[PDB]
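A.B. asks: quick one: experimental structure and sequence below.
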Amino acid sequence: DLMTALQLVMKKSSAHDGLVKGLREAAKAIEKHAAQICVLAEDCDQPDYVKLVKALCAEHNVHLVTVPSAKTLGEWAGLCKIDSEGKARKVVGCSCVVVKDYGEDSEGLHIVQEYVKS
Amino acid sequence: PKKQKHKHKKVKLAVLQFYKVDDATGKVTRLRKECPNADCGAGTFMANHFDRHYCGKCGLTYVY
Amino acid sequence: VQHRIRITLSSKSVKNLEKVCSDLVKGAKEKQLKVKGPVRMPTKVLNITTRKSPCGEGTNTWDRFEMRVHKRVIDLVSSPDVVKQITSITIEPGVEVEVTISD
Amino acid sequence: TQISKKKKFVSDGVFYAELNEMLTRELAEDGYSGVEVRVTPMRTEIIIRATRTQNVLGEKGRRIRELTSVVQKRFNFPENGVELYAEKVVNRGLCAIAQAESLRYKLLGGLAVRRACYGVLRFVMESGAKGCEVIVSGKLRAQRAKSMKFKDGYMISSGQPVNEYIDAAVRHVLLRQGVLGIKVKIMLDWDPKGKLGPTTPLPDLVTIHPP
Amino acid sequence: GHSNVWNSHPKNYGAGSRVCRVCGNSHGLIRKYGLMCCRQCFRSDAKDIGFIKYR
Amino acid sequence: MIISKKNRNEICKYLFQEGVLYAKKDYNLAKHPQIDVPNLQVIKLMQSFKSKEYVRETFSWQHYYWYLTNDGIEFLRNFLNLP
Ligand SMILES: [Mg+2]
Ligand SMILES: [Zn+2]
Ligand SMILES: [Zn+2]
């Protein structure tokens, strides 16, 4: 009902557009004062990656959600083809999905917004 | 021979190669100027070359 | 009535244009409006002459195509109301009726 | 804004010639016979004559509205300044375009040409034409091309009454071996009411009232 | 800059600027009265356009 | 081909709004008469939406005429994020 189940709000955000995926863009999505959430994937090897993104998110004030399995981070962020119902997706691995603008369908967003508050 | 085509120079994680958030604390420390052009945002880094500050999104330049 | 109305009629056919003109001048003469017309302008002869062959072989034979535009002018003295009430009957296809108010 | 009376009648002619071409290519398998442009003061009403007047209309008139909007934007009419109707061709047998297209589809399917051309002739003569003629030219059976004429009845060929009494069409069949040509010439009968055919009798025809 | 060297030659005039409105061929083009048809295409559509042969 | 998301959504919104599209064979018009996209991008994107059955195409007198199909009204309403 929270955290993991809140991939749906980001489904709606991807539908309505607003997922600024990837670090190169993540940063830009931040400094452009348009970042709202910043799911991350601890699977990333390069420590400077996580240090730098946390530094940028600390510079502004938006949010940081951690989630494991960067492959699943690619899955949630649309970094894949829907394929069949079983979804044999050749998934691309993501490590930052800035929800610039954010899906405006609300719902779980409010609940994750609570987790966002804390 | 066949004139070859320009291939995009590929630098692994250039965004990581951009800011200097280190020494603990919390210092983003950009290492390349952000182009002044208004449309060009603040995450738009003006590349520096052996003698020029060039913005990729537009053309604003500065030599030294 | 008061103003001066020039109805210009153009067409590619003589019979349709003439019967429309007859309808207009008959309606004008029923409502007791004075009518000057129909006045037949000189007929315009649009002519195209081209080599019938789709290529450049054979006797150079030429077909002459013609489009004949017939112009009729009717000059009433009246108010706009009766003019659009008259020029509201079934104007036959191809006839271009055009009403212009003069002083 | 001021357009000459010459430029205007040439523009109406070109617009008619282009509309009919796009309708011929679009409403091909709907039995499109012809289009009757009618420029009324409020709107330029456009009447479409076809045989499948439920195929051109479409589901709840979707196709006809699509065509009406395409004509409005393409030809630059004022919005709601054009309305495409779709009427019924009264006598399909007496129309050379309808029979040309019918013989086109009767050959695209695969039917033998000698049996479809005589069928077209049959239908035309039962419809009431004074005479009908069909020509099939192309690689019918062999590699060398030949032309098979299918004539039955009375047909004039020369003089002015031809462009009053002869309803003719020319259509291609795009076959596997190449292009097949179809010339259908339907000779109409003199209709005093001017519906089935010409209202003017043939010039050489003389009638003596019986004493 | 490839967009400034693609179609960069002026098409203000010339035969390679006007095309048949029915086929796009640029030869034997009848510009009279604004027809903008080629000779062959006008000969085919002349009846529809409204040109009648009397002489 | 490479068509920005702005232009693509631009031609896809107009098609769903009207259900029809047209263009002249002119690969250098630099601006479609209605959509603020040049004729090349409209023509190429309409050819794609047609190889996918998302439209019907008829070419007549140097002009293209495209008509959205029932599969097109599905794919556009899915793509445009809204009905
Ligand atoms: Mg003679
Ligand atoms: Zn810039
Ligand atoms: Zn041509």
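C.D. replies: Thanks, I have the structure now. Residues are numbered from 1 along each chain as shown, chains lettered A, B, ... in the order given. Ligands and ions are numbered 1, 2, ... in the order given.
A.B. asks: up against chain C, what does chain E have?
C.D. replies: E:28, E:30, E:32-33, E:35, E:39-40, E:42-43, E:46, E:49-55 (C-beta under 8 Å from any C-beta of the partner chain). C-betas here are computed from N, CA, C, even on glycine.
A.B. asks: and the residue of chain D nearest ligand 2?
C.D. replies: Residue nearest to ligand 2 within chain D: residue D:73 (38.6 Å; C-beta to the ion).
A.B. asks: try chain E
C.D. replies: Relative to ligand 2, the nearest point of chain E is residue E:1 (18.3 Å; C-beta to the ion).
A.B. asks: which secondary structure element is home to that residue?
C.D. replies: In the assignment (DSSP states H and E), residue E:1 maps to no helix and no strand.
A.B. asks: ditto for residue C:29
C.D. replies: Using DSSP H and E, residue C:29 sits in helix C:14-30.
A.B. asks: and the contacts of that helix?
C.D. replies: Applying C-beta atoms under 8 Å, 6 or more residues apart in numbering or on different chains, the contact partners of helix C:14-30 are C:7, C:9-11, C:34-35, C:37-38, C:70, C:72, C:74, C:76, C:86-87, C:89, C:91-95, C:97.
A.B. asks: list the buried residues for it?
C.D. replies: The neighbour-count criterion (16 or more other C-beta atoms under 10 Å in any protein chain shown) identifies C:16-18, C:20-21, C:23-25, C:27-28 as the buried residues of helix C:14-30.
A.B. asks: strands paired with the next helix or strand after it, and their directions?
C.D. replies: If you walk from helix C:14-30 toward the C-terminus, the next helix or strand you reach (DSSP H and E) is strand C:35-40. Partners of strand C:35-40 in the sheet, by DSSP bridges, are strand C:62-78 (antiparallel).
A.B. asks: quick one, phi psi at the residue of chain A positioned farthest from its centre?
C.D. replies: Of all residues in chain A, residue A:84 has its C-alpha farthest from the mean position, at 23.8 Å, by C-alpha atoms, centre = their mean. The phi and psi values for residue A:84, taken as degrees, to the nearest 10, are phi -90, psi -170.
A.B. asks: just the buried residues of the longest helix anywhere in chain A, please?
C.D. replies: Among the elements of type helix in chain A, defined by DSSP state H, the one spanning the most residues is helix A:47-59. Buried positions in helix A:47-59, judged by neighbour count with 16+ other C-beta under 10 Å: A:48-50, A:52-53, A:55-57.
A.B. asks: now for those residues: which two are most distant?
C.D. replies: A:48 and A:57 (14.8 Å; C-beta to C-beta).
A.B. asks: circling back: how near is the residue farthest from the centre of chain A to residue B:32?
C.D. replies: Plainly put, residue A:84 is 45 Å away from residue B:32 if you go by C-beta to C-beta, to the nearest Å.
A.B. asks: and for residue D:31?
C.D. replies: 70 Å.
A.B. asks: for the residue nearest the centre of chain A, which residues make a bridge with it?
C.D. replies: By C-alpha atoms, centre = their mean, chain A has its centre lying nearest to residue A:97, at 3.1 Å. Beta-bridge partners recorded for residue A:97 (DSSP bridges): residue A:21, residue A:39.
A.B. asks: can you give me the helices for chain A?
C.D. replies: Using DSSP H, helices in chain A cover A:7-16, A:23-31, A:47-59, A:70-76, A:108-117.
A.B. asks: let me fix that: chain F
C.D. replies: In chain F, the helices defined using DSSP H lie at F:5-18, F:39-51, F:70-79.
A.B. asks: same deal with chain D?
C.D. replies: Per DSSP H, chain D carries helices over the ranges D:5-26, D:62-75, D:96-108, D:113-127, D:162-165.
A.B. asks: and among the helices of chain A, the most buried is which?
C.D. replies: Ranked by mean neighbour count, those are led by helix A:23-31 with a mean of 23 (mean count of other C-beta atoms under 10 Å in any protein chain shown).
A.B. asks: so which of the helices of chain F gets nearest ligand 3?
C.D. replies: helix F:39-51 (20.7 Å).
A.B. asks: who are the packing partners of that closest one?
C.D. replies: The contact analysis (3 or more C-beta pairs under 8 Å, 6 or more residues apart in numbering or on different chains; DSSP states H and E) places helix F:39-51 against helix F:5-18, strand F:20-24, strand F:55-60, strand F:63-68.
A.B. asks: would you mind giving the ones you listed as JSON lines with distance to residue D:21 added?
C.D. replies: Compiled in JSON lines, the helices and strands packed on helix F:39-51 are given as follows (distance: least, C-beta to C-beta, whole Å):
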{"stretch": "helix F:5-18", "distance to residue D:21": "22"}
{"stretch": "strand F:20-24", "distance to residue D:21": "14"}
{"stretch": "strand F:55-60", "distance to residue D:21": "5"}
{"stretch": "strand F:63-68", "distance to residue D:21": "10"}
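A.B. asks: same list, those, but as a markdown table with distance to chain D please.
C.D. replies: Below are the helices and strands packed on helix F:39-51 laid out as a markdown table (distance: least, C-beta to the nearest C-beta, whole Å):
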| stretch | distance to chain D |
| --- | --- |
| helix F:5-18 | 6 |
| strand F:20-24 | 5 |
| strand F:55-60 | 4 |
| strand F:63-68 | 5 |
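A.B. asks: find the nearest non-adjacent residue to the most centrally placed residue in chain D, please.
C.D. replies: The residue lying closest to the centre of chain D (C-alpha atoms, centre = their mean) is residue D:97, at 3.1 Å. Spatially, and ignoring its direct neighbours in sequence, residue D:97 is nearest to residue D:169 (4.3 Å; C-beta to C-beta, 6 or more residues apart in numbering or on different chains).
A.B. asks: list the contacts of the residue nearest to residue D:183 when sequence neighbours are not counted.
C.D. replies: Counting by C-beta to C-beta, 6+ apart, residue D:135 is the residue found nearest to residue D:183 once chain neighbours are left out, at 4.0 Å. Residues near residue D:135 by C-beta under 8 Å, 6+ apart: D:147-150, D:181-184.
A.B. asks: what of residue D:155?
C.D. replies: D:130-133, D:166, D:185, D:187.
A.B. asks: the residue of chain B at minimum distance from chain D - how many residues pack around it?
C.D. replies: Among the residues of chain B, residue B:39 lies closest to chain D, at 33.8 Å counting by C-beta to the nearest C-beta. If you count neighbours by other C-beta atoms under 10 Å in any protein chain shown, residue B:39 ends up with 8.
A.B. asks: tell me the SS of it?
C.D. replies: coil (DSSP: H, G, I helix; E, B strand; the rest coil).
A.B. asks: quick one: residues contacting residue 44.
C.D. replies: Looking at chain A here, since you left the chain open. Taking C-beta under 8 Å, 6+ apart, we find residue A:44 in contact with A:50, A:70, A:95.
A.B. asks: actually it's chain F I care about, not the one you picked
C.D. replies: The contact partners of residue F:44, taken as C-beta under 8 Å, 6+ apart, are F:1, F:3.
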